[PDB]
Amino acid sequence: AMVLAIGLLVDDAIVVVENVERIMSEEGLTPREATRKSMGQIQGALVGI
Amino acid sequence: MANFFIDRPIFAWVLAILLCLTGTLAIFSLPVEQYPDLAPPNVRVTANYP
Amino acid sequence: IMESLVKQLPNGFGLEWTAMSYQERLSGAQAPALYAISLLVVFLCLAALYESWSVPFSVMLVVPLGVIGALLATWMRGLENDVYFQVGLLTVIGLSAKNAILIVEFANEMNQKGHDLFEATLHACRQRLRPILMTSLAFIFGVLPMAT
Amino acid sequence: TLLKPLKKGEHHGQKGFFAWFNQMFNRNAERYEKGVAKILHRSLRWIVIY
């Protein structure tokens with residue numbers, strides 16, 4: 001279960017990090033502002049998943 | 001929390017359905033008896049001296 | 001078959017499975033129930049999340065898309081449906097549900113804002129392709145050593 | 001905190017492997033977007049496939 005859940009747990013981290021990366025690569029925001037925007041975007045999606 | 005569920009009837013219905021399902025599953029597995037373990041335990045020590 | 005054989009015996013002799021056989025006879029029939037109850041719970045959770053009785057049907061239709069692949073992989077390698085397989089199936093169902101959830105939630109939000117349905121779903125797919133492929137490849141290579 | 005500000009000067013990686021990977025991913029994403037657009041044409045095909 002530990003091994004089987006490795007991908008499941010990295011899913012949320014990948015989602016957040018990728019969202020921040022695309023936000024800062026497209027909108028050009030500062031890293032803190034980009035992180036805030038991404039958390040606002042996907043706060044509920046992680047909870048649902 | 002009341003205003004939250006007024007705009008979200010589906011959430012409340014889901015919660016009610018979940019409660020009903022859990023209760024229905026519980027009913028078919030709950031033991032049935034007249035009384036719970038009300039009777040105080042008794043321990044009998046028996047020795048014989050012929 | 002052994003029960004049939006002992007039935008073929010003269011009267012007065014009966015069988016009682018013991019130890020591993022006893023426990024195996026006790027269990028093994030709880031699978032379909034589990035699957036059904038788990039799927040119902042997932043549908044209800046989706047209905048709560050999306051506030052609809054329709055969007056979950058969109059999500060719940062991708063469970064077979066993972067089930068077929070898991071079954072095909074199991075049969076192709078000649079494995080057997082067992083406890084480990086069942087848990088695998090549940091994990092596959094969950095991951096398929098998550099993959100569906102990303103796209104459907106993004107598209108639902110986009111069309112709720114007012115975007116065209118086709119435009120909303122296309123934009124959601126374009127944005128979420130990289131997370132989906134990234135997470136799925138990470139998971140596949142994660143369980144790859146187990147398979148080999 | 002960890003994430004440095006966007007490497008605008010670097011922009012495209014232009015690596016032996018990473019630039020080609022990005023180009024491949026972009027063109028495959030375009031192909032995927034075209035393929036999704038085919039649901040408008042005939043959804044019955046993939047319903048039967050399902």
# chains A, B, ... in the order shown; residues from 1 in each chain; ligands from 1

$ interface_residues --of "chain C" --to "chain A" --cutoff "10 Å" --atoms "only C-alpha atoms" --output "mmCIF file with C-alpha atoms, in the first residue's frame"
data_model
loop_
_atom_site.group_PDB
_atom_site.id
_atom_site.type_symbol
_atom_site.label_atom_id
_atom_site.label_comp_id
_atom_site.auth_asym_id
_atom_site.auth_seq_id
_atom_site.Cartn_x
_atom_site.Cartn_y
_atom_site.Cartn_z
ATOM 1 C CA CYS C 45 -19.285 12.016 -3.259
ATOM 2 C CA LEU C 46 -19.094 13.264 -6.850
ATOM 3 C CA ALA C 48 -21.843 16.355 -3.506
ATOM 4 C CA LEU C 49 -18.739 17.876 -5.100
ATOM 5 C CA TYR C 50 -20.241 18.962 -8.430
ATOM 6 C CA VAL C 87 -7.047 -3.894 -4.273
ATOM 7 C CA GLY C 88 -5.309 -3.105 -7.542
ATOM 8 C CA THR C 91 -6.606 1.733 -6.948
ATOM 9 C CA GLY C 94 -9.574 5.719 -7.941
ATOM 10 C CA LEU C 95 -6.883 6.931 -10.328
ATOM 11 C CA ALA C 97 -11.734 8.832 -11.213
ATOM 12 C CA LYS C 98 -9.071 11.437 -10.396
ATOM 13 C CA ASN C 99 -8.042 11.733 -14.046
ATOM 14 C CA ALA C 100 -11.671 12.273 -15.010
ATOM 15 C CA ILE C 101 -12.168 14.711 -12.117
ATOM 16 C CA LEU C 102 -9.454 17.105 -13.259
ATOM 17 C CA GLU C 105 -14.105 20.064 -12.970
ATOM 18 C CA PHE C 106 -12.059 22.445 -15.108
ATOM 19 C CA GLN C 127 -4.490 22.781 -19.788
ATOM 20 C CA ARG C 128 -4.842 19.484 -17.923
ATOM 21 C CA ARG C 130 0.336 17.850 -18.946
ATOM 22 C CA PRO C 131 -0.732 17.171 -15.317
ATOM 23 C CA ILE C 132 -2.611 14.026 -16.364
ATOM 24 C CA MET C 134 2.814 13.624 -15.855
ATOM 25 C CA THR C 135 1.038 12.054 -12.873
ATOM 26 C CA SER C 136 0.075 8.930 -14.804
ATOM 27 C CA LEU C 137 3.594 8.322 -16.116
ATOM 28 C CA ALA C 138 4.991 8.936 -12.635
ATOM 29 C CA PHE C 139 2.602 6.337 -11.232
ATOM 30 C CA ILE C 140 3.274 3.838 -14.031
ATOM 31 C CA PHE C 141 7.022 4.005 -13.515
ATOM 32 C CA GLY C 142 6.364 3.894 -9.777
ATOM 33 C CA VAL C 143 4.696 0.484 -10.003
ATOM 34 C CA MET C 146 6.751 -4.214 -8.901
#

$ interface_residues --of "chain B" --to "chain C" --cutoff "9 Å" --atoms "only C-alpha atoms" --output "ChimeraX atom specification"
/B:8-15,17-18

$ residues_around --residues "stretch 111-117 of chain C" --least-positions-apart "6" --cutoff "12 Å" --atoms "only C-alpha atoms" --output "list in words"
residues 50, 104, 105, 123 and 124 of chain C; 37 and 40 of chain D

$ select_by_dssp --residues "chain C" --states "helix (DSSP H, G or I)" --output "number ranges by chain"
C: 2-8, 20-26, 31-50, 55-60, 63-76, 83-113, 117-147

$ closest_atom_pairs --of "chain D" --to "chain C" --cutoff "10 Å" --atoms "only C-alpha atoms" --output "CSV"
residue,atom,partner,partner_atom,distance
D:25,CA,C:130,CA,8.8
D:29,CA,C:126,CA,7.1
D:30,CA,C:126,CA,8.5
D:32,CA,C:126,CA,8.3
D:33,CA,C:122,CA,6.7
D:34,CA,C:122,CA,9.3
D:36,CA,C:122,CA,7.3
D:37,CA,C:122,CA,7.6
D:39,CA,C:118,CA,9.6
D:40,CA,C:118,CA,8.4
D:50,CA,C:65,CA,8.4

$ closest_atom_pairs --of "chain A" --to "chain D" --cutoff "12 Å" --atoms "only C-alpha atoms" --output "Markdown table"
| residue | atom | partner | partner_atom | distance |
| --- | --- | --- | --- | --- |
| A:17 | CA | D:3 | CA | 9.4 |
| A:18 | CA | D:3 | CA | 11.7 |
| A:20 | CA | D:3 | CA | 9.3 |
| A:21 | CA | D:6 | CA | 8.4 |
| A:22 | CA | D:6 | CA | 10.1 |
| A:23 | CA | D:6 | CA | 10.2 |
| A:24 | CA | D:6 | CA | 6.5 |
| A:25 | CA | D:6 | CA | 6.5 |
| A:26 | CA | D:6 | CA | 9.8 |
| A:27 | CA | D:6 | CA | 10.4 |
| A:28 | CA | D:6 | CA | 7.3 |
| A:29 | CA | D:6 | CA | 8.4 |
| A:30 | CA | D:5 | CA | 6.4 |
| A:31 | CA | D:5 | CA | 5.9 |
| A:32 | CA | D:1 | CA | 7.2 |
| A:33 | CA | D:5 | CA | 10.9 |
| A:34 | CA | D:5 | CA | 10.0 |
| A:35 | CA | D:1 | CA | 9.4 |
| A:36 | CA | D:1 | CA | 11.8 |

$ atom_distance --atom1 "atom CA of residue B:2" --atom2 "atom CA of residue B:27"
29.9 Å

$ atom_distance --atom1 "atom CA of residue C:4" --atom2 "atom CA of residue C:27"
20.5 Å

$ residues_around --residues "stretch 66-76 of chain C" --least-positions-apart "5" --cutoff "7 Å" --atoms "only C-alpha atoms" --output "list in words"
residues 89, 92, 93 and 96 of chain C

$ atom_distance --atom1 "atom CA of residue D:27" --atom2 "atom CA of residue C:144"
27.2 Å
